[PDB]
There are 2 protein chains.
Amino acid sequence: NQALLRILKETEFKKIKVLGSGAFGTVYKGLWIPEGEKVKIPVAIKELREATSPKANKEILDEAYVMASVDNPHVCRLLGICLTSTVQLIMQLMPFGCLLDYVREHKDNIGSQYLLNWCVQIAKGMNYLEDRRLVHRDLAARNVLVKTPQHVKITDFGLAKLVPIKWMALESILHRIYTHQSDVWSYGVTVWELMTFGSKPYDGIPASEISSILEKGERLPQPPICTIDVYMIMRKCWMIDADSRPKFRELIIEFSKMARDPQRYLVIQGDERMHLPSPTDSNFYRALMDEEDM
Amino acid sequence: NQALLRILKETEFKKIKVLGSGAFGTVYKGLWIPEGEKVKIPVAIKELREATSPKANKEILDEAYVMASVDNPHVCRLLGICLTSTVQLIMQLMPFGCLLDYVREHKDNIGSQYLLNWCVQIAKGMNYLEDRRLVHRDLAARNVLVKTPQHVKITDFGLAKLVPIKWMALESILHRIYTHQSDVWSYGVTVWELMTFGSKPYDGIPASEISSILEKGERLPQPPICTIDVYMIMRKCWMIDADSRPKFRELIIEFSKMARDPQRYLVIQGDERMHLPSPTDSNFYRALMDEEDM
Ligand SMILES: O=C(Nc1nccs1)[C@@H](c1cc(F)ccc1O)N1Cc2ccc(-c3ccc(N4CCNCC4)cc3)cc2C1=O
Ligand SMILES: O=C(Nc1nccs1)[C@@H](c1cc(F)ccc1O)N1Cc2ccc(-c3ccc(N4CCNCC4)cc3)cc2C1=O
Ligand SMILES: Nc1ncnc2c1ncn2[C@@H]1O[C@H](COP(=O)(O)OP(=O)(O)NP(=O)(O)O)[C@@H](O)[C@H]1O
Ligand SMILES: Nc1ncnc2c1ncn2[C@@H]1O[C@H](COP(=O)(O)OP(=O)(O)NP(=O)(O)O)[C@@H](O)[C@H]1O
Ligand SMILES: [Mg+2]
Ligand SMILES: [Mg+2]
C-alpha cells in the first residue's frame with residue numbers, strides 16, 4: 001500500500017523542460033537520478049501552483065496513496081511525491097503526450113480502427129476506476145495520455161475537492177454532483193474531441209452560459225466522420241437523467257463491436273490507405289516502450 | 001514468428017553515440033523515429049564491422065529470427081535489424097550498461113544480496129537458453145546487461161551456425177566444441193568477474209598460453225570475498241570433464257539457497273550497511289524502467 005508511493009528527495013530529481021500547465025500545476029519533463037547511481041531516467045513532474053502546509057500535505061498524501069494503488073493497463077499510476085513547499089508529483093513520462101495534442105497533430109493520418117480502439121481503451125480504464133469506486137471528475141482528451149499510438153491510459157483522476165465546465169454533466173455544473181455517471185458524460189465529450197480530431201467543444205460559448213444551453217436541450221453537434229450509430233452513443237452519454245446514460249461496461253461492448261468493423265461506423269476520407277498496427281510494428285513498440293501486460 | 005523481428009528503414013533511426021566495440025561490431029546509443037510520428041525513442045544499435053552481401057544476409061536473418069524469439073525476463077531479445085552494407089541490429093537500450101562496467105564502478109558499494117542475486121538471474125537466463133537448445137558461446141560479464149541494479153539480462157548469445165579465450169572451456173579452445181556444458185565454464189568465469197568486482201581473468205597470461213595452464217590444472221584464484229562454499233562451485237564449473245560440471249538448473253537452486261542467507265556465503269566489508277532496495281524502490285524502478293513480468 002504505502003510502498004507503491006515513493007517519497008522522493010529534492011536532490012534525486014531535476015526539472016529540465018516545461019511540457020505544459022493546467023488548472024492545478026505545471027508539468028515538466030524531468031530526470032530521476034537514483035542515489036549513488038550515474039544514470040538519468042526521464043520522468044514527468046507536476047509541481048502544484050499553490051504552496052501547501054504540513055497538514056494540507058496530510059490530505060494530499062492520503063489521496064496520493066490511493067492514486068498509486070491503481071493496477072490496470074489503461075490507467076496511469078502515481079509513482080512518487082516530493083513534499084517541497086510547493087508539492088511535486090512524479091509519474092511515468094509519456095513521450096507521445098496527451099491524446100488531444102496527438103489527434104490534432106496527426107488529424108490527416110488517423111484511421112477509424114485507431115479512433116475506435118482508443119474509445120474502447122478509455123472505457124476500459126474508466127470501468128476499472130468505477131470498480132475501484134474512484135470518480136475521475138476531469139476526464140477529457142488532455143487527460144488521456146498516449147503511451148504508444150496503440151495504447152492510451154487515463155490520467156489525473158481522483159481529485160475530489162481540489163472547473164472544466166464544457167466537459168461536465170449538467171448535475172455537476174448545477175449541484176456539484178460527481179458520480180461515475182457524470183464521468184460517462186465527460187466520456188462522451190472526450191470521444192467528441194477524438195472524432196473531431198481535437199476541436200474545442202462549445203467553441204465561443206462562455207462557460208457561464210453552458211448549463212443554460214444544456215437545459216434547453218442543445219448538445220454537441222454530429223462530427224462529420226461519425227455515423228449516426230456513433231452519434232447516438234455520444235448523445236446517450238449526455239442524457240439529463242444520469243441513470244439513463246450508458247454504463248462504462250456497456251460502452252466497452254459497443255465500441256468493441258464497432259472496432260471489429262470500423263469502416264462501417266466511421267466515415268474517414270482515405271481510411272483504406274491509412275496506417276493500421278501490424279504485429280511486427282506492435283511487437284517492436286511494446287519491447288521498446290510498453291512492456292507491461294497490455 | 002517473423003513478426004518478432006522488425007525490418008527497419010535507414011531513415012527511421014540514427015546513431016548518436018558510440019558505447020563500445022567488440023569482436024564483431026561497434027555498439028551505439030541510437031534513436032528510433034517512428035514513421036509519421038514526432039517522438040525519438042532511445043535504442044542500442046550494433047553495426048557489424050565487416051560489410052556483408054545479400055546472400056550472407058540470409059544467414060544473418062535466419063539467426064536474427066531465432067534471437068528475436070527468446071522470451072525470458074533474464075535474456076535480451078533482438079528487436080530489429082537494418083540490412084545496410086554493414087548490417088545494423090537493434091535492441092533495447094540499457095542505460096545502466098553492462099554488468100562488468102557496473103561492478104567496476106560500484107566496487108565499494110555492492111552488497112552480498114546483489115551479487116548472489118545476479119548469479120541467480122544469470123543462471124536463470126542460461127538455463128532458459130539451454131531449454132531452448134541455444135548455446136551462448138560468449139557469456140562474460142560484459143555480455144550481461146543491467147536493466148536495473150535489481151535485474152540483469154544476458155545478451156549476445158547464439159552466434160553458432162555462423163575469440164574470448166579466457167572465458168572458454170578447454171574443449172572449446174582445443175576442439176571448437178561449444179555446448180551448454182562449456183557455457184557453464186564461461187558462467188564460472190563470469191561469477192569470478194562479479195566477485196572480484198571486474199578483475200581481468202588470468203591477468204598477465206597471454207591468451208595463447210591459456211590452454212597450457214588449464215591442462216596443467218591451474219584455475220582462477222579464490223576471490224577475497226568468496227567463502228570456500230562459493231569458490232567450490234566456481235571450481236566445479238572448470239572441471240575438465242564437461243559432464244561433471246554443474247547444470248544451470250542446479251546453479252539456480254544453489255545460488256538461491258545462498259541468497260537467502262547472503263552474509264554466510266560472501267564476506268564483504270561494510271555489508272551490513274548495504275542491502276537490496278525496499279519494496280518502495282523496486283516498485284518505482286519497475287514502473288519507470290522495467291515493466292516486464294519479472
Ligand atoms: O500527478 C498527477 N499528474 C501528473 N502529470 C505529470 C506528472 S504528475 C495526478 C495523477 C497522476 C496519476 F498517475 C494518477 C492519478 C492522478 O490524479 N495527480 C495526483 C494528485 C494527488 C493530490 C493532489 C492534491 C490534493 C489536495 C490538495 N490541497 C488543496 C485543496 N484542498 C485539500 C488540500 C492539493 C493537491 C493533486 C494530484 C494530481 O494532479
Ligand atoms: O545484436 C546483438 N547485440 C546488440 N547490441 C547492441 C545493439 S544489438 C546480438 C544479440 C542481441 C540480442 F538481443 C540477443 C541475442 C544476440 O546475439 N547479435 C544478434 C546477431 C545476429 C546475427 C549476427 C551475424 C551473423 C552472421 C554473420 N556472418 C555472415 C556470413 N559471413 C561472415 C559473418 C555476421 C553477423 C550477429 C549478431 C549479434 O551480435
Ligand atoms: N505523464 C505525462 N507525460 C507527458 N506529458 C504529460 C504528462 N502528464 C501531463 N502531460 C502534459 O502536460 C501538459 C499539462 O498537463 P496538466 O497540467 O495536467 O494539464 P491538462 O491535463 O492540460 N489540464 P487539467 O485538466 O487541469 O488537468 C499537457 O499538455 C499534457 O499533455
Ligand atoms: N543493449 C545495450 N545497451 C547498452 N549498452 C550496451 C548494449 N549492448 C552492448 N552495450 C555496450 O556496448 C559495448 C560493446 O558491445 P559489444 O560489441 O557486444 O562488445 P562486447 O560484448 O563488450 N565484447 P564481445 O564479447 O566481443 O561481444 C559494451 O561496453 C557494452 O557494455
Ligand atoms: Mg491533466
Ligand atoms: Mg556483447
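The deposited coordinates, according to the entry record, derive from X-ray crystallography at 2.1600 Å resolution.

(A) Structural detail: the site of ligand 4. All names here are of chain B. Taken together, the neighbourhood of ligand 4 is formed by 19 residues, with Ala 23, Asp 138, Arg 142, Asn 143 and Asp 156 sitting nearest. The backbone of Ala 23 places a nitrogen or oxygen atom 2.7 Å from an oxygen atom of ligand 4. The side chain of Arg 142 places a nitrogen or oxygen atom 2.7 Å from an oxygen atom of ligand 4. Surface burial for ligand 4 is 88%, taken as the share of its 620 Å² of free accessible area covered by protein chains. Those elements giving two or more residues to the shell around ligand 4 turn out to be β2 (13–21), β3 (25–32), β4 (41–48) and β6 (88–92). Per element, the largest residue contribution to the shell around ligand 4 is 3 residues, and it comes from β2. Along the lines of polarity and charge, the residues of the shell around ligand 4 split into 9 nonpolar, 6 polar and 4 charged.

(B) Broad picture of the coordination of the magnesium ion (ligand 6). Residue and element names in this part refer to chain B. With distances of 1.9 to 2.1 Å, the protein atoms coordinating the magnesium ion (ligand 6) are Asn 143 (OD1) and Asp 156 (OD). Placement of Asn 143 in the loop between α3 (112–131) and β7 (144–148) and of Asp 156 in the loop between β8 (151–154) and α4 (170–175) is noted, with a sequence separation of 13 residues between them. Using a relative accessible area of 29% as the deciding quantity, one classes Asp 156 as partly exposed.

(C) Seen up close, a negative patch on the surface. A contiguous patch of negative charge, built from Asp71(A), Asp293(A), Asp71(B) and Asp293(B), is present on the exposed surface. Relative to the helices and strands, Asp71(B) is located in the loop between α1 (54–67) and β5 (80–82).

(D) Region of interest: the pairing of strand β2 (residues 13–21) of chain A. Residues and elements named next belong to chain A. Relative to strand β3 (residues 25–32), β2 is paired through 7 bridges, and the arrangement is antiparallel. Across the sheet, the residue bridging to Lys 14 is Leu 31, located in β3. The hairpin turn running from β2 into β3, its antiparallel successor, is 3 residues long.

(E) Inspection of α1(B) at higher detail. Residue and element names in this part refer to chain B. Between its terminal C-alpha atoms α1 stretches 20 Å, which fits the 20 Å expected from 14 residues at 1.5 Å a residue. Buried within α1 are the following residues: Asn 57, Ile 60, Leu 61, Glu 63, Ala 64 and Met 67. If you follow the buried residues of α1, they end up packed against β1 (6–7), β4 and β5.

(F) Structural context of the interface of chain B and chain A. Taken together, the contact between chain B and chain A spans 41 residues of the former and 41 residues of the latter. Across the chain B/chain A interface, buried area totals approximately 3,300 Å², and carbon plus sulfur atoms make up 62% of it. Among the residues chain B hides against chain A, the three largest losses belong to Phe284(B), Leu288(B) and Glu291(B). Together they make up 21% of the total. One salt bridge connects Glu105(A) with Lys38(B), and the closest N-O pair in it is separated by 3.1 Å. Where chain B packs against chain A, one counts 17 residue pairs in polar contact. Those elements that place two or more of their residues in the side of chain B that touches chain A are β4, β6, α2 (99–105) and α10 (279–289) of chain B. In terms of residue count, α10(B) provides more of the side of chain B that touches chain A than any other element does, 9 residues in total. When grouped by side-chain class, the residues that make up the side of chain B that touches chain A number 22 nonpolar, 7 polar and 12 charged.

Analysis parameters
Along each chain, residues carry numbers from 1 upward in sequence order, and these need not match the entry's numbering; residues missing coordinates do not appear. Naming scheme: in the order in which they are written, chains are lettered from A and ligands are numbered from 1. Side-chain descriptors were evaluated using all non-hydrogen atoms of the structure, hydrogens and water having been removed beforehand. Note on terminology: near, applied to a residue and a molecule or strand, indicates that one of the residue's heavy atoms is within 4 Å of it. Each polar contact in these results corresponds to two N or O atoms within 3.5 Å; when the atoms are within protein, one needs to be able to donate a hydrogen and the other to accept it, and residues that are neighboring in sequence are counted only if both atoms are side-chain atoms. Surface accessibility follows the Shrake-Rupley procedure with a 1.4 Å probe radius. Residue values consider only the protein chains on display as shielding. Strands are runs of DSSP state E lasting at least 2 residues, helices are runs of H or I lasting at least 4, and numbering of each runs from the N terminus. Polar here means any residue outside two lists: the nonpolar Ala, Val, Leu, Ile, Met, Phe, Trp, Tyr, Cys and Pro, and the charged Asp, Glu, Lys and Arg; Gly therefore counts as polar. Coordinating donors are taken to be N, O and S atoms lying within 2.8 Å of the metal, or within 3.2 Å when the metal is Na, K or Ca; because water is excluded from the atom set, some sites may appear incomplete. Partly exposed describes any residue whose relative accessible area lies between the buried limit of under 20% and the exposed limit of over 50%, with all areas from a 1.4 Å probe on protein chains only and scaled to the type maximum. Here the term patch refers to residues with relative accessible area over 30% and no salt bridge, with like charges joined within 9 Å and nonpolar side chains (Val, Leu, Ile, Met, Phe, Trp, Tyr) within 5 Å. Salt bridge, as used here, is a side-chain nitrogen of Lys or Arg placed within 4 Å of a carboxyl oxygen of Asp or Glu. Charge counting treats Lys and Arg as positive and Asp and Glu as negative, with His and both chain ends excluded. For the purpose of locating charges, the reference atoms are NZ of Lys, CZ of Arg, CG of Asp and CD of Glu. Strands are treated as partners if at least two bridges between them are detected by DSSP. Take the number of residues in a helix, subtract one, and multiply by 1.5 Å to get its expected span. The contact rule is simple, with two residues in contact once any of their heavy atoms fall within 4.5 Å. Summed over both partners, buried area is the accessible surface (1.4 Å probe) that two parts give up on being assembled.

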